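The structure appears right after this line, and notes come after that.
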Amino acid sequence: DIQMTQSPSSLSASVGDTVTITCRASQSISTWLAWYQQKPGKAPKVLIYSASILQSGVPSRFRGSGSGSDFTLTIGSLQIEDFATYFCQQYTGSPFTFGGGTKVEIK
Amino acid sequence: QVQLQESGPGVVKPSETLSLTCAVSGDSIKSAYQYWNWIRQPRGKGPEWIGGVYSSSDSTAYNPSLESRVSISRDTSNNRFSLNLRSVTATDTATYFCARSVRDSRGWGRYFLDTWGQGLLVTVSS
Amino acid sequence: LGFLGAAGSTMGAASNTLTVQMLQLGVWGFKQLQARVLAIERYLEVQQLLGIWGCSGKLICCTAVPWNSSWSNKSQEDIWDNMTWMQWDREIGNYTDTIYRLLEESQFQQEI
Amino acid sequence: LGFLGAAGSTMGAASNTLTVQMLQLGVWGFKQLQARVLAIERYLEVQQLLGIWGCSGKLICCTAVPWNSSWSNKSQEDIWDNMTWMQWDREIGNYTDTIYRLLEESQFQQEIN
Amino acid sequence: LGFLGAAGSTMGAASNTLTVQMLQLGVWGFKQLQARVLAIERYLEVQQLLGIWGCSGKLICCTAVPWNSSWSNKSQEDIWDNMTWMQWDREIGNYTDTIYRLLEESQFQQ
Amino acid sequence: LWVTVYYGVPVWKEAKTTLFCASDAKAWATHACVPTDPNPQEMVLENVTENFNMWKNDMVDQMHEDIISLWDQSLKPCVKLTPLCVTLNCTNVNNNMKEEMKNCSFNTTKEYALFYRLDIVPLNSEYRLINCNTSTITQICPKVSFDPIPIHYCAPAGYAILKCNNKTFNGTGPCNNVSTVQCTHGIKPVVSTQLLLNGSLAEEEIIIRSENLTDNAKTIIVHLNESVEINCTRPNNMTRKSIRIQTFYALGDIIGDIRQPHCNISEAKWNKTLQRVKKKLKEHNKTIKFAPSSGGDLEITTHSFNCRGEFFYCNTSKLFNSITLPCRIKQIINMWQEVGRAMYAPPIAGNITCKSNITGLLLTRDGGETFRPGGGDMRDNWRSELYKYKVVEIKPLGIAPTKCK
Amino acid sequence: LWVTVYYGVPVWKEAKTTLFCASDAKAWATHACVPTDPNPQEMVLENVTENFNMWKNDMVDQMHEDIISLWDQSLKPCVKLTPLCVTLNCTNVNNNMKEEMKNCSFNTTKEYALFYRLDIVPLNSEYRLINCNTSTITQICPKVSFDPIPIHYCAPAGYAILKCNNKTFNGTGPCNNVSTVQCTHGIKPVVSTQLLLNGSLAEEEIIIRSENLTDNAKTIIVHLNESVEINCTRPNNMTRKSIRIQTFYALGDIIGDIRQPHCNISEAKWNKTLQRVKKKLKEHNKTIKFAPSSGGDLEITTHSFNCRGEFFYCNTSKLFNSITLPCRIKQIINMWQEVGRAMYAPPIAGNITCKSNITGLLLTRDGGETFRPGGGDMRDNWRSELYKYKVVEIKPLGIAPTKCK
Ligand SMILES: *[C@@H]1O[C@H](CO)[C@@H](O[C@@H]2O[C@H](CO)[C@@H](O[C@@H]3O[C@H](CO)[C@@H](O)[C@H](O)[C@@H]3O)[C@H](O)[C@H]2NC(C)=O)[C@H](O)[C@H]1NC(C)=O
Ligand SMILES: *[C@@H]1O[C@H](CO)[C@@H](O[C@@H]2O[C@H](CO)[C@@H](O[C@@H]3O[C@H](CO)[C@@H](O)[C@H](O)[C@@H]3O)[C@H](O)[C@H]2NC(C)=O)[C@H](O)[C@H]1NC(C)=O
Ligand SMILES: *[C@@H]1O[C@H](CO)[C@@H](O[C@@H]2O[C@H](CO)[C@@H](O)[C@H](O)[C@H]2NC(C)=O)[C@H](O)[C@H]1NC(C)=O
Ligand SMILES: *[C@@H]1O[C@H](CO)[C@@H](O[C@@H]2O[C@H](CO)[C@@H](O)[C@H](O)[C@H]2NC(C)=O)[C@H](O)[C@H]1NC(C)=O
Ligand SMILES: *[C@@H]1O[C@H](CO)[C@@H](O[C@@H]2O[C@H](CO)[C@@H](O)[C@H](O)[C@H]2NC(C)=O)[C@H](O)[C@H]1NC(C)=O
Ligand SMILES: *[C@@H]1O[C@H](CO)[C@@H](O[C@@H]2O[C@H](CO)[C@@H](O)[C@H](O)[C@H]2NC(C)=O)[C@H](O)[C@H]1NC(C)=O
Ligand SMILES: *[C@@H]1O[C@H](CO)[C@@H](O[C@@H]2O[C@H](CO)[C@@H](O)[C@H](O)[C@H]2NC(C)=O)[C@H](O)[C@H]1NC(C)=O
Ligand SMILES: *[C@@H]1O[C@H](CO)[C@@H](O[C@@H]2O[C@H](CO)[C@@H](O)[C@H](O)[C@H]2NC(C)=O)[C@H](O)[C@H]1NC(C)=O
Ligand SMILES: *[C@@H]1O[C@H](CO)[C@@H](O[C@@H]2O[C@H](CO)[C@@H](O)[C@H](O)[C@H]2NC(C)=O)[C@H](O)[C@H]1NC(C)=O
Ligand SMILES: *[C@@H]1O[C@H](CO)[C@@H](O[C@@H]2O[C@H](CO)[C@@H](O)[C@H](O)[C@H]2NC(C)=O)[C@H](O)[C@H]1NC(C)=O
Ligand SMILES: *[C@@H]1O[C@H](CO)[C@@H](O[C@@H]2O[C@H](CO)[C@@H](O)[C@H](O)[C@H]2NC(C)=O)[C@H](O)[C@H]1NC(C)=O
Ligand SMILES: *[C@@H]1O[C@H](CO)[C@@H](O)[C@H](O)[C@H]1NC(C)=O
Ligand SMILES: *[C@@H]1O[C@H](CO)[C@@H](O)[C@H](O)[C@H]1NC(C)=O
Ligand SMILES: *[C@@H]1O[C@H](CO)[C@@H](O)[C@H](O)[C@H]1NC(C)=O
Ligand SMILES: *[C@@H]1O[C@H](CO)[C@@H](O)[C@H](O)[C@H]1NC(C)=O
Ligand SMILES: *[C@@H]1O[C@H](CO)[C@@H](O)[C@H](O)[C@H]1NC(C)=O
Ligand SMILES: *[C@@H]1O[C@H](CO)[C@@H](O)[C@H](O)[C@H]1NC(C)=O
Ligand SMILES: *[C@@H]1O[C@H](CO)[C@@H](O)[C@H](O)[C@H]1NC(C)=O
Ligand SMILES: *[C@@H]1O[C@H](CO)[C@@H](O)[C@H](O)[C@H]1NC(C)=O
Ligand SMILES: *[C@@H]1O[C@H](CO)[C@@H](O)[C@H](O)[C@H]1NC(C)=O
Ligand SMILES: *[C@@H]1O[C@H](CO)[C@@H](O)[C@H](O)[C@H]1NC(C)=O
Ligand SMILES: *[C@@H]1O[C@H](CO)[C@@H](O)[C@H](O)[C@H]1NC(C)=O
Ligand SMILES: *[C@@H]1O[C@H](CO)[C@@H](O)[C@H](O)[C@H]1NC(C)=O
Ligand SMILES: *[C@@H]1O[C@H](CO)[C@@H](O)[C@H](O)[C@H]1NC(C)=O
Ligand SMILES: *[C@@H]1O[C@H](CO)[C@@H](O)[C@H](O)[C@H]1NC(C)=O
Ligand SMILES: *[C@@H]1O[C@H](CO)[C@@H](O)[C@H](O)[C@H]1NC(C)=O
Ligand SMILES: *[C@@H]1O[C@H](CO)[C@@H](O)[C@H](O)[C@H]1NC(C)=O
Ligand SMILES: *[C@@H]1O[C@H](CO)[C@@H](O)[C@H](O)[C@H]1NC(C)=O
Ligand SMILES: *[C@@H]1O[C@H](CO)[C@@H](O)[C@H](O)[C@H]1NC(C)=O
Ligand SMILES: *[C@@H]1O[C@H](CO)[C@@H](O)[C@H](O)[C@H]1NC(C)=O
Ligand SMILES: *[C@@H]1O[C@H](CO)[C@@H](O)[C@H](O)[C@H]1NC(C)=O
Ligand SMILES: *[C@@H]1O[C@H](CO)[C@@H](O)[C@H](O)[C@H]1NC(C)=O
Ligand SMILES: *[C@@H]1O[C@H](CO)[C@@H](O)[C@H](O)[C@H]1NC(C)=O
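Residue numbers (the authors' numbering), protein chains in the order written: chain L, 1 to 107; chain H, 1 to 35, 35A to 35B, 36 to 52, 52A, 53 to 82, 82A to 82C, 83 to 100, 100A to 100G, 101 to 113; chain I, 520 to 540, 565 to 655; chain J, 520 to 540, 565 to 656; chain Z, 520 to 540, 565 to 653; chain B, 34 to 60, 69 to 135, 148 to 162, 171 to 185, 189 to 309, 315 to 321, 321A, 322 to 352, 356 to 393, 414 to 459, 466 to 502; chain C, 34 to 60, 69 to 135, 148 to 162, 171 to 185, 189 to 309, 315 to 321, 321A, 322 to 352, 356 to 393, 414 to 459, 466 to 502.
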């Protein structure tokens, strides 16, 4: 089975700083990866799909890159509305496994 | 702007045939290339995939660990699609979601979720 | 259809009697159904032709156009008492289309 | 056809509703189409029977002869609000043919006049 | 059916022209029969809709309901001599259901 | 004030009509009906109080006429057995009922076959058939099987069937919850004596029905709720020898020892059903007792049923007296109570074991209480499941008075 | 002064409808659509201006549902390949591109067959197919061929299709010369990627169309005028093998030599068509350039087309740069972008050589010009010929005012 893992579990930063989230896959899946932003409560919203194409309506402070099995997403600016949980989901056929889940903290 | 709405029971006892429905407003079930995905978000870890249903071929696909217990059914009238689950037990709990996925133009066969619902907490108790 | 039994006699009795009124089985039913479809199609065509004249179906119509003396004028007892429809339409055989054309034009004036 | 859903209720709602309104598959379609066709000539026969009575089409047409009090009693205030067509069908059963023939020569008299 | 040839022309000419007026064989006949019965069903449906209003068929029907000035009052020559049925269809599109209801109630009164 | 006519009035009037064939997807004998399995269409007719009379329904009569017509049509292509009245020479064969089987021989223009003792007349050695002259014998063609197949019944245009969903409803009386339907359910017809065998079940408690409940000549049928597991066994092998007359498809010899055929019957389930029916048969006064049939000939005092084209005549007199049941095999019978014709009904090779259930029981009141089974009216056996169906005709020509011009 | 209704009013309004098949005389496998070819009634209208919008069309989705329903219905009686997840043994092949195929051996309770390198997952020796579990593989029945057969589309009573005869007309905008026809022409649709292959041609100069022409996500399709002769060759022999699991129709081995499928296209015609489209790509000012696809997986960056039941994947990246074209053949495919379902698509014996043309092109605007091909959506390919067709509903119940006494 295509297992998905995420590391680290959580980090700690301040407002306006750069946040880097890394997702490691079991095998090479080219660029068939998407990112999702899950705020506390309600339903989440898609952030970046295909690991390089942005979404219509998302700010330009989010950028993603990576290929094969190692992927890393960076954030240019951390705003008050960006405090949420990030999830990386692969879609290389069934099943559509999700990531481990990350969280941000404010000191 | 397409909106997703779901309805169902609040308290559901285990060892029965669970049934949930999702209403689609604005966009049609037919469309061009869409998948009416059914996913859950258990508290404690990330979400999981149960299954999906095609828009035209009415074909389907299930998770490798949930066979013979999930049967997704849909109808052309009322602009809605349902989900049937068997042997709920103490595992199938927490909130449930009925999201929609659109195909990717960069590759063939790629499908990513873009529009979600609201979430219906399915509580399991005696 | 099939109401030719009243022919050969006076139209009075005719008017009274009309007013009182395996794959082989599959292709068999199919052709019988298409025959009935063609029959009812002809019936609706006749009904449309009768309704466009202003009579709107029915059995006994009353058209407001008067009778002309040039259309073989005779007494009422010479048509409704001693003869059938055979020689009637045989002598109304000429200028037949003119009669129907003048009938629809006269009823069109009454409506407007 | 299939308008039996309003049976047993008040005729006002029914009036409002009517005013608003591989070989197995082949043989099933043939049976359904022939049943629909049979219903079509049945509707045409009913339309012809209504047209000979001076009502060509006109799904809601009244008459050519006034009502007589010797047939039944009660008015619209206690009929169109608390009873269905069952009592009407049982009441018309005594003079079913009488009502049909009376409306026949009455319309024939208007055609002569 | 198939009387769209008078579209886009003068209403007078349109009125005049409307007033003057082994398995392969089985499946082909079955589809032709279903299309024909659908056409007959549509014809009887439109005939019933025309007859329930108080016209009993025909082409031009004169109803007992009078025209009201609230439904875009204009002269007779301002419609029948300078445009097609498109403008009239879009103009009456705002209250087409209202005219059908008022004409139906007037027929029941008769 | 003035007469008015309307179209589309939801009214119905009883009339006589026929129902065409209807069945599910396939591939008793069939081969003459059309298979139609559409979606279940059902319109709830609330606030409708229509009476029902299952004892005076023409639907059962026309269905019986249709099934007997289909049987007659499927019976004519077979060969007749009219010149088989040759003087037979039946000898005894050699751990009970050893005298019920005899080895008879016929000339047939020389050969021999094993016959039953009760299937031949005891002409007192020399023997003959049961009815050769003045009563023809027509065997059934083995190319088709007269096995029970679930079929349906649908009405044409202008007709509908009213279905009553009220479980606690007998044959007579009004029906509160009644709804229309276009086609019936998957009913499986079966021929049985004193029992109902396969059939539709009933919910709630036990229910009883009759026509008058006073006259002893009228039959009383009870619809059981809990099915009784009945399957039976036929411990025999048999052979198949054809003698040219004209093929004469029958059995020639016997292989293996002759045993005793019986139908396994659970005692606990039988006593539970007996107590369940006795709980209500005591009503409507005095005590009730169970006694066997009055008597008569065969197939009227013993239970008769079919097991995959094989008739079984089991003695069930001990069931209604206080569980093994002795059974006898008879092939020559007079089906549909007809005189002048009969069916040979050849058996099948090897053992046969079918699976059935019990959904009803037949009761006959005794004059002079002692409710004994019998009656022999097969119409009631089919009527046990057709009590919720009735054909009717519509006529949307209502009349009401109001204002007019 | 009075309200009057007119019957037969020639007016229409946009509404949804259900069409039906139509085809010429015969004898995508048909056997479900009616092959009716009546007299083509072409009526030309005058002084009628009706807007057209093929991007929001409904008959495209209707034909989409119809073709996918017919495909799933025809694929249903074929056998499945779900218990074939037994571990293979792939060694090697049996003068470039010789590592694209490796024959493997399977257990099947021992037989071997020829398979391609890209058709098996590189499970790092032991090998397995692309998807055995959680994605069923359904082969196609060889009794019928899914070749492109010309068909027609007709509307039932109460509906009509408007045809635009104006050559210089894009997808949007009004239509001056409009005609009403009951059935479409002999359209011959074909599935393809980055090309149109068989299809209707256009007169006058080159024409382009799109939905907005500003957003880079929207696809841009160009309809060519002069057809480019594209036929190609498949220099291979192959064999046939049947293994009982269930016939498992597939290729056994190779007789002769292994040579990858590849061919050449006309250079003068390609240069002329490229200059003709480049003459208008500068319109609607900035310079223009041709670049290959962005990337992704297979069947979206290379040209994909079928040739008499055989899929061909040709590398057409050098055509849109700066004529031989290397092509790769594979049997497993995922039609309709389905997940969980796959098509085996067995090959055919002997060499294949089909004849086709070029009637269109697929272009995708690049953001941040460099017009690159791709898209991968068959909707635009089917809409390339449906731009001159639009269904409509007619309501002849017109109301006109007049003084009726
Ligand atoms: C079957 O059900 C009905 C109602 O649930 C039971 O009650 C009987 O109903 C009838 C009619 O509603 C009553 O009237 C009788 O009608 C017959 C036939 O018209 C007539 O000959 C009698 O003289 C009488 O008027 C009947 O009194 C009523 N029975 C009782 C005891 O009140 C009926 O008993 C049920 N039958 C069976 C066999 O279960
Ligand atoms: C397709 O053909 C049309 C006409 O031949 C080209 O001209 C464009 O026509 C539209 C409508 O007549 C003009 O109005 C626009 O309409 C859209 C949709 O309602 C609206 O969203 C816009 O704001 C605008 O009002 C449009 O201005 C006109 N284009 C130009 C440049 O004048 C059209 O460009 C052709 N399209 C393609 C892709 O070739
Ligand atoms: C008559 O009985 C039937 C069957 O019991 C009733 O049908 C049920 O109706 C309820 C609510 O309308 C549905 O939820 C069920 O699915 C129906 N079927 C069954 C098998 O229960 C019907 O409502 C009853 N009608 C009346 C007037 O009591
Ligand atoms: C089913 O039918 C029975 C009659 O067989 C109905 O029983 C009625 O029950 C009420 C209340 O006890 C009595 O007042 C009536 O007299 C009974 N009817 C008759 C005819 O005696 C029962 O209500 C019906 N149930 C449904 C759901 O329709
Ligand atoms: C159920 O039926 C079987 C056979 O139909 C009965 O088995 C017989 O048991 C007796 C006593 O043990 C033996 O002498 C017979 O030889 C058995 N029959 C056969 C064919 O072998 C069994 O007893 C029945 N069960 C009940 C409870 O009556
Ligand atoms: C079959 O059932 C009948 C009916 O009970 C049995 O006949 C009984 O036989 C005994 C003695 O043989 C008599 O004392 C009883 O009076 C008879 N019953 C009746 C109702 O008269 C018969 O024994 C059973 N078995 C067989 C093999 O026929
Ligand atoms: C009652 O129905 C059952 C099943 O519906 C019948 O069982 C059949 O038993 C025979 C064995 O003799 C099998 O060969 C058949 O396949 C069974 N039928 C089916 C549909 O599987 C049973 O025979 C029926 N009862 C009677 C008395 O006929
Ligand atoms: C719309 O275009 C068509 C096709 O060009 C025109 O049809 C031609 O009409 C002329 C004269 O009416 C005929 O001689 C030709 O045979 C027709 N066909 C072709 C292919 O040229 C049609 O006339 C045009 N309509 C309008 C209003 O301009
Ligand atoms: C075919 O359509 C084109 C538009 O695509 C029509 O072109 C028109 O040409 C005139 C004269 O140059 C311009 O004034 C109009 O603005 C153009 N139309 C549009 C929408 O821009 C052309 O006339 C049409 N031809 C026919 C025969 O209908
Ligand atoms: C098929 O086409 C692709 C796309 O052009 C070719 O990929 C190029 O490969 C060379 C070297 O192998 C690189 O320098 C280019 O950058 C690649 N192109 C792109 C757009 O990245 C490929 O070589 C062609 N042939 C085969 C057999 O795949
Ligand atoms: C485009 O159409 C042509 C002809 O209409 C197709 O040519 C066929 O080619 C095959 C060889 O593979 C022949 O066996 C057929 O007889 C040809 N058809 C006819 C009608 O002769 C061609 O295949 C089509 N293009 C595609 C991609 O299918
Ligand atoms: C028979 O026809 C003649 C006309 O040819 C007519 O005079 C006569 O009355 C008719 N007789 C009967 C009995 O209809
Ligand atoms: C049945 O009658 C009751 C009381 O008159 C009424 O409330 C109810 O709506 C009726 N049901 C229907 C379906 O008309
Ligand atoms: C179209 O309009 C012009 C200008 O009024 C007119 O001359 C022409 O006859 C019209 N065409 C038709 C078919 O009526
Ligand atoms: C007829 O049967 C008798 C006694 O079974 C026998 O003696 C005689 O030979 C037979 N005749 C023929 C012709 O078989
Ligand atoms: C025929 O009958 C006689 C007298 O009963 C007997 O002796 C003889 O064995 C019988 N033969 C056969 C073949 O049954
Ligand atoms: C029922 O039986 C009694 C007496 O046996 C008899 O008087 C009555 O007429 C019979 N019928 C009915 C309907 O009660
Ligand atoms: C009947 O008797 C004949 C004598 O030839 C014998 O062959 C046959 O087996 C017997 N049939 C039996 C015992 O069933
Ligand atoms: C037959 O019936 C008996 C008694 O009901 C039961 O014990 C048995 O399991 C059934 N089946 C078989 C195959 O004997
Ligand atoms: C039968 O009913 C009558 C009248 O109620 C009563 O006198 C008699 O005791 C009842 N018999 C029994 C045994 O219940
Ligand atoms: C029926 O016969 C078969 C075949 O020999 C045997 O296996 C089976 O046990 C028999 N069943 C019974 C109940 O005698
Ligand atoms: C008999 O009824 C029981 C009751 O549940 C059921 O389990 C069994 O399958 C039935 N048998 C047949 C042959 O219908
Ligand atoms: C499996 O592959 C190996 C690798 O070359 C080969 O030597 C062997 O013959 C193959 N077949 C078997 C083990 O049946
Ligand atoms: C490939 O084909 C050759 C020639 O037929 C054969 O010897 C070899 O065993 C095949 N490979 C496998 C893995 O079976
Ligand atoms: C499967 O094939 C291998 C050789 O490829 C062999 O060693 C093994 O025994 C086979 N297994 C079965 C179950 O046939
Ligand atoms: C079969 O399932 C296993 C485990 O779920 C998975 O690793 C493997 O990739 C699957 N096979 C294919 C061909 O995908
Ligand atoms: C086209 O794209 C522009 C910008 O990309 C956008 O503002 C506009 O709404 C789009 N649609 C139309 C019809 O112009
Ligand atoms: C293809 O194989 C066949 C079968 O042996 C052979 O007759 C033919 O010559 C071969 N063709 C080529 C080009 O190798
Ligand atoms: C024709 O097109 C090819 C495609 O790359 C290009 O290399 C060549 O220069 C073109 N010829 C011209 C522009 O004369
Ligand atoms: C673009 O527009 C500018 C300004 O009119 C002009 O100088 C230039 O040549 C144009 N470029 C092209 C290729 O049309
Ligand atoms: C396409 O052209 C570019 C130069 O712009 C070159 O770098 C690339 O290698 C070329 N690709 C092919 C496949 O020729
Ligand atoms: C296949 O190759 C042979 C030569 O072996 C040739 O004669 C034949 O024409 C080729 N087939 C096609 C369709 O070109
Ligand atoms: C391609 O177009 C040319 C243009 O004349 C034509 O001659 C040829 O037959 C066409 N080929 C096909 C396969 O349509």
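Where a beta carbon is used, it is the ideal one built from N, C-alpha and C, also for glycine.
First through last residue of the beta strand (DSSP E) which encompasses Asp101/H: From DSSP, the beta strand (DSSP E) with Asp101/H extends over 100E–102.
Assigned secondary structure, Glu91/B (DSSP; H/G/I helix, E/B strand, else coil): Of the three classes helix, strand and coil, the one that applies to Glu91/B here is strand, per DSSP.
Contact set between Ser599/J and chain B, taken where Cβ atoms lie within less than 9 angstroms: Within chain B, no residue comes near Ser599/J; the closest Cβ sits about 13 angstroms away, beyond 9 angstroms.
Residues of the stretch 416–442 of chain C with Cβ closer than 9 angstroms to any Cβ of chain H, in chain order: Answer in chain order: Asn425, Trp427, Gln428, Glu429, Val430, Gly431, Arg432.
Nearest candidate by alpha-carbon position, reference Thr248/C, set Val36/C, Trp35/C, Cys54/C: By alpha-carbon distance to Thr248/C, the top candidate from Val36/C, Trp35/C, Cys54/C is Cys54/C.
Residue(s) in a DSSP beta bridge with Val51/H: Bridge partners of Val51/H: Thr57/H.
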